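Below is one structure, written out as structure tokens, with a few remarks after it.
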Amino acid sequence: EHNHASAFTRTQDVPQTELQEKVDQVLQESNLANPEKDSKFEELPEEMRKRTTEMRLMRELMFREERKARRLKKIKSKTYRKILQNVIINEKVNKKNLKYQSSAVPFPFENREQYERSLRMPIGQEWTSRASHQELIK
Amino acid sequence: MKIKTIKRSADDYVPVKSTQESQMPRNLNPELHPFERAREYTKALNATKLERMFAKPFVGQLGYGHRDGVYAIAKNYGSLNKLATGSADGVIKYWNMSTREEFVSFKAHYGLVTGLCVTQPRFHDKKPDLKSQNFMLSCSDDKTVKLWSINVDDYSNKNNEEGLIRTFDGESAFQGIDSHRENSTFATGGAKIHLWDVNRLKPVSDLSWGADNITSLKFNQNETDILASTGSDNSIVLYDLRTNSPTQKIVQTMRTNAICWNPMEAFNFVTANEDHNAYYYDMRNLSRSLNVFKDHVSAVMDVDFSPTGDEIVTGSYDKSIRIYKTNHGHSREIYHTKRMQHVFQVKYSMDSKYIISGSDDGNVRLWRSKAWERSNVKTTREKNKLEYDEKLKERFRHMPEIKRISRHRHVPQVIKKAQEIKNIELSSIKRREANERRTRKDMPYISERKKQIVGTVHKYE
Amino acid sequence: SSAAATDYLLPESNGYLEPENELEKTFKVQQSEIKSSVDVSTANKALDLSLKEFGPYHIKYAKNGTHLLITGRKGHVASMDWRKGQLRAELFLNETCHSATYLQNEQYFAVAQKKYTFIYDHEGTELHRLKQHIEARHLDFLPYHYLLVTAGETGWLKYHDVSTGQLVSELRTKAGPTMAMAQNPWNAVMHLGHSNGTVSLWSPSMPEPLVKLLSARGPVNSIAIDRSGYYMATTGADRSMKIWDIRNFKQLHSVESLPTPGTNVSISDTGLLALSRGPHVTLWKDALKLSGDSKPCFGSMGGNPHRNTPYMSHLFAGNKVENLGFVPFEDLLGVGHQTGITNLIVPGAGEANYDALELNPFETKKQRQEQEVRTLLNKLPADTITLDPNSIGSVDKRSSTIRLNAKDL
Amino acid sequence: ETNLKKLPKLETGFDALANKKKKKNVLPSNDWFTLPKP
Amino acid sequence: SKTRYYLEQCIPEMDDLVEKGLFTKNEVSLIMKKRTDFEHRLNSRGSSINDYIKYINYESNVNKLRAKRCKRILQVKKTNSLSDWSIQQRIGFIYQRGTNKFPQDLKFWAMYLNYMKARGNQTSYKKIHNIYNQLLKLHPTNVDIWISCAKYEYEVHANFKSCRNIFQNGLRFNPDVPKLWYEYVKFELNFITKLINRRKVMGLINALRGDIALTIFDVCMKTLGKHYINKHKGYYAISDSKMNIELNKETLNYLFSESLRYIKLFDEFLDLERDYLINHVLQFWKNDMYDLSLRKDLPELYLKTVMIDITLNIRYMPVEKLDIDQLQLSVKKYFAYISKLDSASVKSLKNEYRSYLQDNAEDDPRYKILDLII
Amino acid sequence: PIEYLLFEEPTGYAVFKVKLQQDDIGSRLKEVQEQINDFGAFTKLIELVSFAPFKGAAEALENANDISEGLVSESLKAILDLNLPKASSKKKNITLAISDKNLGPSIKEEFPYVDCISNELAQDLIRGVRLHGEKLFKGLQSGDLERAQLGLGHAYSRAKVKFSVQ
Amino acid sequence: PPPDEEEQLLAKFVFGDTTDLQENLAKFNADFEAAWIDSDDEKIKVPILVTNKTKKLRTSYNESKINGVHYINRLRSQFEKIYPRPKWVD
RNA sequence: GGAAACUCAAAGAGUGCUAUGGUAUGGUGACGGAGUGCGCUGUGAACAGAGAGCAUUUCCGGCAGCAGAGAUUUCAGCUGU
């Protein structure tokens, strides 16, 4: 999988419009990779209680990776701080529907209990839910 | 007294606006749905009958065939629809199987082109242009291996000197060829098996066990440095290309016509030999086959694996081809035609859905691997119906009434009569060996999977 | 588990009526009081046709409750959409008709006439005169098998395939005329009641009855089977209702000495038991259960809670009812009697949640067409009718239960 | 900080378009080639 | 059917929601029959985005009732079981289905984005990125989506690199509406203002200029002029030189009115070098525009830019110390204008007098100013 | 693999994403040849991911001439750079299905990571989306496509012949 | 577990409750002692369970004999439910 | 034979409608989000990234006090339980 064609970045990494090459030659006259703007905001009890205005100022001021590093620094600092009979059935053989039942037990099973435990549940739409039907027929 | 009846209300069951479908309330009570075994038995029976009427497997022959019967075929393992075929009169052809028409033909040699395969030739001075040129090389009995390039219209990136970029040369004839799947290498069997690369005009190494010739060759597809070959002393030899040497051989009863390696299991291969069956062998233990695929009635000429590794196709000297599930050992399907004679080459296309057979009247024919299966794209209702019917035929597979229908084919008269006299012969020898076993003392029970190996170098402990 | 979790998705709830007092008995609740207490749609479903001049009307509903088929004893057969006002066949066949049934639809119905059974299309043109089925008195259609089953004054039971057109089976009952007849909806075997007091369970494969039960003394006036295929209520002419287990063939209940012989029984989809003894119709709730506290009584001697008094009763004071039939997915009991038809609002008496792809009460013309072709395509063969339905995937009860590995051969 | 609070922000109409509502009413409800039949 | 699949996907959350003893079976059957109605209306024929919207509103209402009933019954605010995220996940999937079916109503797309943003910590910003990516793919020409995408990723996340990439890609797609140009110069001025204010703040606790905004200003003028001369006179150039010069004049009027709006909403960025950043637009407008804005017609525009260049230091309050410093500059401006102009001389004199009188003891220094500008 | 599809049309450019490949070997068969006529199965193959409409009839005529003589215009560059993923140029390029074998070279001249296919599979995918048209686009264009076709055909013809109204 | 008014409002929305709808349809309404006592019935005492018609005007299953004024009121309510009370009298 | 129709049925043909699950939502606290590490894309390096993968105890989905945010509900961080 290649990196997706996003609308948050440049899909060629060389300036593709006149605007882009103008902005990049100005920005390489004065670069803005923001290592300076990382080291500028990577600096900033009574620091907790009294500094309730410069804290909000630095919160508004800091950039994306600066705020990520500030969250990581606060997380690491707090984690370092804390830790006669009535029924007569006939038993004749049903010679017309002994063709609807198999002759012996088929190969992968060892007995008809196993084999009929395979056959015991219908996979139909009418007898399972839709999700179970799909799991049974894929 | 409190009282409540059924209030059906007609807003939930027949819709207000006419453009939309009606509600289908369900209720999964088995009281509501009574005949749950009989109903899906009849659906499985109607699925087997629908398969037996939808089985129309012949797609079409491609082109006009050759002039003198197709004895070599090679697919290329990276493009879906391209196919190289060579005949007895030395002509080779490259095929677009979409339009069923040749990109190019080539009077390649003078004798039989006895082998051909395809390459991505790793030259270290030039760069291979594989988006507009395809490469096939081919060996014949006039002591030549020739490498050809083909102009291919598959990408439209560019806009050119097509044929015969080089000519390797041996002192004796060649009989088989297969290309390594990397590193510019191929191997040719013949009077002796040589290894070659596409830069040097001479063999890098001769890797022959003894002074007995080699009839066929296949490289492995994964673990690509393991070769296998069939020699006319009924021998199957494995070679390794790390050690640059043969590895182990076995001698069988009759002669192995072909090998194909399993593309999904990397140590299993299938041999196709002259007693009329195929043998599924493990490379790590050649003392026993791990399957025998038995249903042919004359000498099996060629075998191939599905790219899913789950089934094999197997064309034989009785003028018919047969498709086998890999775990069973009998034929799942037989394809025949009154026009098809003596199928000498079979490949299984990289789609795993079509089967290419080269016969010896000249023609190369496409078939469906699943005959009842059509190749359109399917809406979810028909796709769900088709896989529901497959699962239902699967779980009712052994009922006698649907087994006698799914088992049924029309086989030619010659194959049917050979089949029934083969049956009465095998039943007679089982009767006589049962009598002989009743009398005599120590008759060992030899397995069917061992009944066809006369011996093995590098014995197993 | 996932199939049983659908009871959340079930849309409707079953009906009931509950006493909420100890002075308020449930069998003394009047039909006009029900029609006042329930909604206008159900009150309009409780129809009443007064058809005086032709005979007592055998009633029949389609398997979804959309169509009604009445037959006068004299000649008057009318197939109609009882819930709209649409009749689609009114034919006066001036010989004494006995019974009728729909086949797979409102589109075809079979009537049992003076002797021969006839088959009519949707608008009433005669399609078939069956030269077999010599004297039918009882017709019933088997919808999953497409079989019209026929019994009557001859001692013969005939299964006729409606789709192909072919008489599947002729079976000698060998017990004289067939006094009653019902179909097990579970496994499609036919319970016929004879003049011996004997019910016999039949299949179109075996030329002998699958089972013979000794239900009553005298003859057997009526048989009804639950739709779960578990219980069977038989009324004899010896003033005896008897509830039977079908699967294990035990006799669950024996209500002897009814005041007059029960001429009909019916069992709803929710297991009510509607017995009819001439002018009277009497319904019991939870009577088809194993315990002796579910034996249907007629009064509770001193207020015993362990006595199954009637769930509701009605008196057709003028006449004697001909037959009973519950309307399939609604809370009604259609009783056909000497002066026509009457539906009764019975609140506990119907499956509130049908399945709409088995059989749909709101189905359209295109849905009827495609469902007809699809059920015709998956018609079950008549040989698959066994006493249990789950015995056509198995192995033989011969052919040893361990599979054999040829060493032991 | 108040100047950063009062700097002109980027304006859209997209989430207002999500929270938009309407004031709409409802208004009420030969061939070229055929020769003339004489 | 697929309504059956979705409806029985809804069952484990109400398994859990009956086990946690807040709902009962008879009321959860009622919410299932309402949800059955909605799922059938969704995936049947003749479907509507109002069916989708009413389903989302119903699911949000049963979510709010579930939260209320949880707080009243269990006296916790979440049961940390399945039944507190499944219903918001359902709403998100109804939104995804609706935007896959009818990807044409930006009201529904923006309701999706609003609910997905307001879901809070539980959502993922890459999940918002995915629906921004596919929405910008389907509607590249609609420009408020580009503004909203970049506004979400600067005014919430402060991601300057990705915000610059969004604005450059949008200006690649439709370099014709001036609104995207103005929001890009607005973003660049906001970014450089935050840069110099964090510099000022790090100074007060403890090179890279508006020339970006000037360069995008320059390409804004060039490409907006190109696209107006290509938009009007549309098919061909079948027009004689009278109509060609009429067109070129009108594009100069169009472009210069947009730069007038640019300076009008450019003045309020007064934390950077606002004098330099307005004077560079002044010097970029002062040059020739190939059809004699000064030496011919648009002389009213030349007088407007001359008045702007005069008052460009006099953009001040009634405390007129800058006027007392450099009103001689305005006098020399009026003299240099009236040395050439004929009626624009009297117009510029009366206009500068009226402007200074309207904008400017305190009336006695203003009496000195009135005697000066009299 | 035919991963993306580029359909040019008078209202703008459309990039579709190929969901399911059609058959290569069975591409001449009856069911494969009429699945592109059935719409219920063609929507299993093709999904619309992007549609950049034109700025008017002027840019429509410019892009009609550029598409006619086989050049990548600036709106093409914009929509392809938005939609196609940054694949490699030496190993597994992203595959775009076009209908013009001499527009392909202009696409690889601008995006070297894109190999372009216009053979019979891409041709019948393209004529499937031509056969269905307004149904694939889900309602997202202004202007009826045949009305824009009439305008663009008349404009293209008068440009090509230099029709003067003087 | 008390009730709540906001909870019952949006519960009436979610469960689809037309109870207030039927209440409003029933509510809206389109808005825009005796001259003799005989002193014999009080000391009479009737049986109840001797005939089937009077067998229905018991309030228990243990009542067998009731007082006369009670019995008169029972069959007055029974007369009122045979012939319902019209509006012209009251 | 004929006439009528907001009449009742039985069927045939064509056309219309995103008619779209190639194996169905981002998540049964079994979970999600944040961050890190591995992996991936355009032999080592820095750079540019993708959302398309995999861990595990790094934190959060606990409570207040307090200021901040948007239209009385939700949203955003410091000091301890």
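Residues in the structure tokens are numbered from 1 in each chain, the chains being A, B, ... in the order shown, and ligands are numbered from 1 in the order shown.
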
Quick one: residues within 6 Å of segment 134-142 of chain B, only C-alpha atoms (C1' of nucleotides) counted, chain neighbours fewer than 5 positions away excluded, as a PyMOL selection string?
chain B and resi 111-119+147-150+173-174

Could you please tell me, as a list in words, which residues of chain B have an atom within 12 Å of chain H when using only C-alpha atoms (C1' of nucleotides)?
residues 19, 20, 377, 378, 379, 380, 381, 383, 384 and 387 of chain B

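Proximity to chain E at a cut-off of 8 Å picks out residues 1, 2, 7, 10, 11, 13, 14, 15 and 16 of chain G on chain G, counting only C-alpha atoms.
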
The selected residues should be written to file as a tab-separated table (two decimals), in the first residue's frame (atoms: N, CA and C atoms).
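Below you can see result38.tsv, which holds the result:
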```tsv
chain	number	residue	atom	x	y	z
G	1	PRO	N	-35.46	5.74	42.84
G	1	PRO	CA	-35.83	5.97	41.44
G	1	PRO	C	-37.09	6.82	41.29
G	2	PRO	N	-36.94	8.14	41.32
G	2	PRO	CA	-38.09	9.02	41.06
G	2	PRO	C	-38.39	9.10	39.57
G	7	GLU	N	-37.15	13.71	31.27
G	7	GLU	CA	-37.00	12.31	30.92
G	7	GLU	C	-38.29	11.74	30.37
G	10	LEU	N	-38.89	13.33	26.63
G	10	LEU	CA	-38.21	12.69	25.51
G	10	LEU	C	-38.39	11.18	25.50
G	11	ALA	N	-38.85	10.58	26.59
G	11	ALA	CA	-39.28	9.19	26.54
G	11	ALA	C	-40.58	9.05	25.78
G	13	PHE	N	-41.30	10.96	23.36
G	13	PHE	CA	-40.86	11.04	21.97
G	13	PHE	C	-40.30	9.71	21.49
G	14	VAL	N	-39.43	9.08	22.28
G	14	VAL	CA	-38.66	7.94	21.80
G	14	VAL	C	-39.54	6.70	21.68
G	15	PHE	N	-40.37	6.45	22.68
G	15	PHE	CA	-41.24	5.28	22.63
G	15	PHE	C	-42.48	5.48	21.78
G	16	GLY	N	-42.66	6.66	21.19
G	16	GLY	CA	-43.81	6.93	20.34
G	16	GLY	C	-45.11	6.91	21.09
```

May I have the residues of chain E within 6 Å of chain A, counting only C-alpha atoms, written as number ranges by chain?
E: 5, 133, 158-159, 162, 165-166, 207-208

Residues as selected, N, CA, C and O atoms, written as a JSON list (two decimals), in the first residue's frame, can you do that?
```
[["chain", "number", "residue", "atom", "x", "y", "z"],
["E", 5, "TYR", "N", -29.96, -7.42, 8.26],
["E", 5, "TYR", "CA", -28.59, -7.41, 8.77],
["E", 5, "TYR", "C", -28.37, -6.25, 9.72],
["E", 5, "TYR", "O", -27.77, -6.42, 10.78],
["E", 133, "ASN", "N", -11.08, 14.38, 3.31],
["E", 133, "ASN", "CA", -10.43, 13.97, 2.07],
["E", 133, "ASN", "C", -11.45, 13.57, 1.02],
["E", 133, "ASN", "O", -11.37, 14.02, -0.13],
["E", 158, "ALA", "N", -3.69, 23.91, 15.10],
["E", 158, "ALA", "CA", -2.53, 24.74, 14.79],
["E", 158, "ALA", "C", -1.46, 23.95, 14.04],
["E", 158, "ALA", "O", -0.34, 23.75, 14.51],
["E", 159, "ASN", "N", -1.83, 23.49, 12.85],
["E", 159, "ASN", "CA", -0.95, 22.73, 11.98],
["E", 159, "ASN", "C", -0.68, 23.58, 10.75],
["E", 159, "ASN", "O", -1.41, 23.52, 9.75],
["E", 162, "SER", "N", 0.33, 21.62, 7.14],
["E", 162, "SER", "CA", -0.86, 21.05, 6.50],
["E", 162, "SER", "C", -1.86, 22.12, 6.09],
["E", 162, "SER", "O", -2.53, 21.97, 5.07],
["E", 165, "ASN", "N", -0.62, 23.49, 2.92],
["E", 165, "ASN", "CA", -0.85, 22.52, 1.86],
["E", 165, "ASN", "C", -2.30, 22.52, 1.40],
["E", 165, "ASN", "O", -2.56, 22.42, 0.19],
["E", 166, "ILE", "N", -3.24, 22.64, 2.33],
["E", 166, "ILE", "CA", -4.66, 22.72, 1.99],
["E", 166, "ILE", "C", -4.94, 23.95, 1.14],
["E", 166, "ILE", "O", -5.62, 23.87, 0.11],
["E", 207, "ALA", "N", 13.24, 38.97, 8.60],
["E", 207, "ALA", "CA", 13.66, 37.80, 7.84],
["E", 207, "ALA", "C", 12.44, 37.08, 7.27],
["E", 207, "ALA", "O", 12.24, 37.06, 6.05],
["E", 208, "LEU", "N", 11.65, 36.49, 8.16],
["E", 208, "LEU", "CA", 10.41, 35.80, 7.78],
["E", 208, "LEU", "C", 9.31, 36.84, 7.96],
["E", 208, "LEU", "O", 8.94, 37.19, 9.08]]
```

Show me, as CSV, the residues of chain C having an atom within 12 Å of chain E, each with the closest atom pair and its distance in Å, using only C-alpha atoms.
```
residue,atom,partner,partner_atom,distance
C:1,CA,E:12,CA,11.7
C:2,CA,E:8,CA,8.7
C:3,CA,E:8,CA,9.8
C:4,CA,E:8,CA,11.1
C:5,CA,E:11,CA,7.5
C:6,CA,E:8,CA,7.4
C:7,CA,E:29,CA,9.0
C:8,CA,E:29,CA,6.0
C:9,CA,E:32,CA,6.5
C:10,CA,E:29,CA,7.8
C:11,CA,E:33,CA,6.2
C:12,CA,E:29,CA,9.0
C:13,CA,E:26,CA,9.7
C:357,CA,E:1,CA,11.5
```

Give the residues of chain B that lie within 7 Å of chain F; count only C-alpha atoms, and format the answer as a VMD selection string.
chain B and resid 80 to 81 97 to 99 154 to 158 375 to 379

Serialized selection, N, CA, C and O atoms, as a short mmCIF file (atom, residue, chain, number, x, y, z; two decimals), in the first residue's frame:
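Written file, selection_16.cif:
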```
data_model
loop_
_atom_site.label_atom_id
_atom_site.label_comp_id
_atom_site.auth_asym_id
_atom_site.auth_seq_id
_atom_site.Cartn_x
_atom_site.Cartn_y
_atom_site.Cartn_z
N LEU B 80 -2.20 -11.88 -16.81
CA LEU B 80 -3.32 -12.80 -16.67
C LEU B 80 -3.64 -13.52 -17.96
O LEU B 80 -4.05 -14.68 -17.94
N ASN B 81 -3.46 -12.86 -19.10
CA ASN B 81 -4.07 -13.32 -20.34
C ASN B 81 -3.06 -13.64 -21.43
O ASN B 81 -3.42 -13.62 -22.60
N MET B 97 -5.13 -14.04 -24.83
CA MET B 97 -6.28 -14.89 -24.57
C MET B 97 -7.55 -14.11 -24.34
O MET B 97 -8.62 -14.71 -24.22
N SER B 98 -7.46 -12.78 -24.25
CA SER B 98 -8.67 -11.97 -24.17
C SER B 98 -9.37 -11.94 -25.51
O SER B 98 -10.54 -12.32 -25.63
N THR B 99 -8.67 -11.49 -26.54
CA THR B 99 -9.22 -11.46 -27.88
C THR B 99 -9.08 -12.78 -28.60
O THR B 99 -9.63 -12.92 -29.69
N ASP B 154 -0.35 -3.54 -23.71
CA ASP B 154 -1.07 -3.65 -22.44
C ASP B 154 -1.05 -2.36 -21.64
O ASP B 154 -2.04 -2.05 -20.98
N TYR B 155 0.04 -1.62 -21.67
CA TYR B 155 0.08 -0.24 -21.21
C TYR B 155 0.25 0.66 -22.42
O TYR B 155 0.78 0.25 -23.45
N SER B 156 -0.21 1.90 -22.29
CA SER B 156 -0.10 2.89 -23.35
C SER B 156 0.84 4.01 -22.94
O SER B 156 0.55 5.19 -23.15
N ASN B 157 1.97 3.66 -22.34
CA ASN B 157 2.89 4.66 -21.82
C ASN B 157 3.80 5.20 -22.91
O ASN B 157 4.05 6.41 -22.97
N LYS B 158 4.32 4.33 -23.76
CA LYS B 158 5.33 4.72 -24.73
C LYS B 158 4.65 5.20 -26.01
O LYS B 158 3.43 5.38 -26.06
N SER B 375 -18.75 -15.97 -15.64
CA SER B 375 -17.69 -15.03 -15.32
C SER B 375 -18.14 -13.58 -15.28
O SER B 375 -17.29 -12.69 -15.30
N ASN B 376 -19.44 -13.32 -15.23
CA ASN B 376 -19.90 -11.96 -15.02
C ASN B 376 -19.69 -11.56 -13.57
O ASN B 376 -19.40 -12.39 -12.71
N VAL B 377 -19.83 -10.31 -13.29
CA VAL B 377 -19.86 -9.90 -11.89
C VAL B 377 -21.28 -10.11 -11.41
O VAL B 377 -22.23 -10.12 -12.21
N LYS B 378 -21.45 -10.36 -10.13
CA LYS B 378 -22.73 -10.79 -9.60
C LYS B 378 -23.22 -9.82 -8.55
O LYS B 378 -22.46 -9.37 -7.69
N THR B 379 -24.52 -9.52 -8.60
CA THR B 379 -25.18 -8.82 -7.52
C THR B 379 -25.20 -9.70 -6.28
O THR B 379 -24.97 -10.90 -6.36
#
```

Go through chain E residue by residue and, counting only C-alpha atoms, keep those with an atom at most 10 Å from chain D; for each kept residue give the shortest atom pair and its distance in Å to one decimal, ordered by chain and increasing number, as a tab-separated table.
```
residue	atom	partner	partner_atom	distance
E:105	CA	D:18	CA	9.9
E:106	CA	D:17	CA	7.5
E:107	CA	D:18	CA	4.7
E:108	CA	D:18	CA	6.9
E:109	CA	D:18	CA	7.9
E:110	CA	D:18	CA	5.2
E:111	CA	D:18	CA	5.2
E:112	CA	D:18	CA	8.8
E:113	CA	D:15	CA	8.5
E:114	CA	D:15	CA	7.1
E:143	CA	D:12	CA	8.9
E:144	CA	D:12	CA	5.5
E:145	CA	D:14	CA	6.9
E:146	CA	D:12	CA	9.1
E:147	CA	D:12	CA	6.2
E:148	CA	D:12	CA	6.1
E:149	CA	D:12	CA	9.8
E:150	CA	D:10	CA	8.8
E:151	CA	D:10	CA	6.2
E:152	CA	D:10	CA	9.7
E:154	CA	D:10	CA	9.5
E:155	CA	D:9	CA	8.3
E:179	CA	D:11	CA	9.8
E:182	CA	D:10	CA	9.5
E:183	CA	D:10	CA	6.3
E:184	CA	D:10	CA	8.9
E:186	CA	D:10	CA	7.1
E:187	CA	D:10	CA	7.2
E:189	CA	D:7	CA	9.8
E:190	CA	D:7	CA	7.5
E:193	CA	D:4	CA	8.7
E:194	CA	D:4	CA	7.9
E:197	CA	D:4	CA	8.9
E:265	CA	D:8	CA	9.2
E:268	CA	D:7	CA	8.1
E:269	CA	D:7	CA	7.2
E:270	CA	D:3	CA	9.2
E:271	CA	D:3	CA	8.4
```

Selected residues written out with C-alpha atoms, as a PDB file, in the first residue's frame:
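Printed below is result.pdb as written:
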```pdb
ATOM      1  CA  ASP E 105     -26.069  17.989  -0.060  1.00  0.00           C
ATOM      2  CA  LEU E 106     -23.437  19.944   1.792  1.00  0.00           C
ATOM      3  CA  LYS E 107     -25.939  20.464   4.603  1.00  0.00           C
ATOM      4  CA  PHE E 108     -25.733  16.744   5.323  1.00  0.00           C
ATOM      5  CA  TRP E 109     -21.957  16.661   4.822  1.00  0.00           C
ATOM      6  CA  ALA E 110     -21.546  19.528   7.267  1.00  0.00           C
ATOM      7  CA  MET E 111     -23.891  17.911   9.793  1.00  0.00           C
ATOM      8  CA  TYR E 112     -21.625  14.850   9.528  1.00  0.00           C
ATOM      9  CA  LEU E 113     -18.550  17.002  10.134  1.00  0.00           C
ATOM     10  CA  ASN E 114     -20.187  18.894  13.005  1.00  0.00           C
ATOM     11  CA  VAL E 143     -14.439  26.633  -1.871  1.00  0.00           C
ATOM     12  CA  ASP E 144     -15.998  26.894   1.606  1.00  0.00           C
ATOM     13  CA  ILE E 145     -15.051  23.268   2.180  1.00  0.00           C
ATOM     14  CA  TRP E 146     -11.400  24.195   1.611  1.00  0.00           C
ATOM     15  CA  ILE E 147     -11.787  27.127   4.001  1.00  0.00           C
ATOM     16  CA  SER E 148     -13.506  24.924   6.591  1.00  0.00           C
ATOM     17  CA  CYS E 149     -10.879  22.184   6.277  1.00  0.00           C
ATOM     18  CA  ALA E 150      -7.981  24.579   6.729  1.00  0.00           C
ATOM     19  CA  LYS E 151      -9.865  26.452   9.462  1.00  0.00           C
ATOM     20  CA  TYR E 152     -10.362  23.232  11.400  1.00  0.00           C
ATOM     21  CA  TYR E 154      -5.359  25.716  12.020  1.00  0.00           C
ATOM     22  CA  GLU E 155      -7.882  27.211  14.450  1.00  0.00           C
ATOM     23  CA  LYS E 179     -12.532  34.505  -1.610  1.00  0.00           C
ATOM     24  CA  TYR E 182      -8.409  36.538   0.595  1.00  0.00           C
ATOM     25  CA  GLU E 183      -8.640  33.700   3.104  1.00  0.00           C
ATOM     26  CA  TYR E 184      -5.123  32.606   2.154  1.00  0.00           C
ATOM     27  CA  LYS E 186      -5.678  36.150   5.945  1.00  0.00           C
ATOM     28  CA  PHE E 187      -4.172  32.840   7.044  1.00  0.00           C
ATOM     29  CA  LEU E 189      -1.053  37.211   8.061  1.00  0.00           C
ATOM     30  CA  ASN E 190      -2.486  35.317  11.053  1.00  0.00           C
ATOM     31  CA  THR E 193       1.280  37.596  13.507  1.00  0.00           C
ATOM     32  CA  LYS E 194       1.338  34.554  15.791  1.00  0.00           C
ATOM     33  CA  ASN E 197       3.780  37.601  18.939  1.00  0.00           C
ATOM     34  CA  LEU E 265      -9.481  44.523   5.290  1.00  0.00           C
ATOM     35  CA  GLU E 268      -6.799  45.809  10.811  1.00  0.00           C
ATOM     36  CA  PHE E 269      -3.774  43.491  11.130  1.00  0.00           C
ATOM     37  CA  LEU E 270      -1.898  46.133  13.144  1.00  0.00           C
ATOM     38  CA  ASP E 271       0.612  44.045  15.050  1.00  0.00           C
TER      39      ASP E 271
END
```

One decimal, in Å: what's the spacing between atom CA of residue 235 of chain B and atom CA of residue 218 of chain B?
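One can read the atom CA of residue 235 of chain B to atom CA of residue 218 of chain B distance as 14.2 Å.
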
Env of residue 394 of chain C: 12 Å cut, atoms = only C-alpha atoms (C1' of nucleotides), seq-sep filter 6 positions within chain, self excluded. Answer as a ChimeraX atom specification.
/A:97-106,111-120 /B:37-38,41,395-396,398-400 /C:388,401

In segment 1-223 of chain E, what's alpha helix (DSSP H) per DSSP? Answer as a PyMOL selection string?
chain E and resi 2-9+11-19+25-42+49-73+86-101+106-118+125-138+144-155+160-173+178-205+211-223

Taking only residues of chain C that have an atom at most 12 Å from an atom of chain G, what is each one's shortest atom pair and its distance in Å to one decimal, using only C-alpha atoms, in chain and number order, as JSON lines?
```
{"residue": "C:21", "atom": "CA", "partner": "G:60", "partner_atom": "CA", "distance": 10.5}
{"residue": "C:22", "atom": "CA", "partner": "G:60", "partner_atom": "CA", "distance": 8.3}
{"residue": "C:23", "atom": "CA", "partner": "G:60", "partner_atom": "CA", "distance": 7.0}
{"residue": "C:24", "atom": "CA", "partner": "G:56", "partner_atom": "CA", "distance": 10.2}
{"residue": "C:25", "atom": "CA", "partner": "G:56", "partner_atom": "CA", "distance": 11.3}
{"residue": "C:28", "atom": "CA", "partner": "G:56", "partner_atom": "CA", "distance": 11.2}
{"residue": "C:302", "atom": "CA", "partner": "G:61", "partner_atom": "CA", "distance": 9.3}
{"residue": "C:303", "atom": "CA", "partner": "G:61", "partner_atom": "CA", "distance": 9.2}
```

Please identify all polymer residues within 7 Å of segment 271-285 of chain C, counting only C-alpha atoms (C1' of nucleotides), omitting same-chain residues fewer than 5 positions from it, and present them as a PyMOL selection string.
chain C and resi 226+260-266+296+309-317+319-321+349

What lies within 9 Å of residue 55 of chain F using only C-alpha atoms (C1' of nucleotides), ignoring chain neighbours under 2 positions off, as a ChimeraX atom specification?
/E:141,174,176,231 /F:12,53,57-60
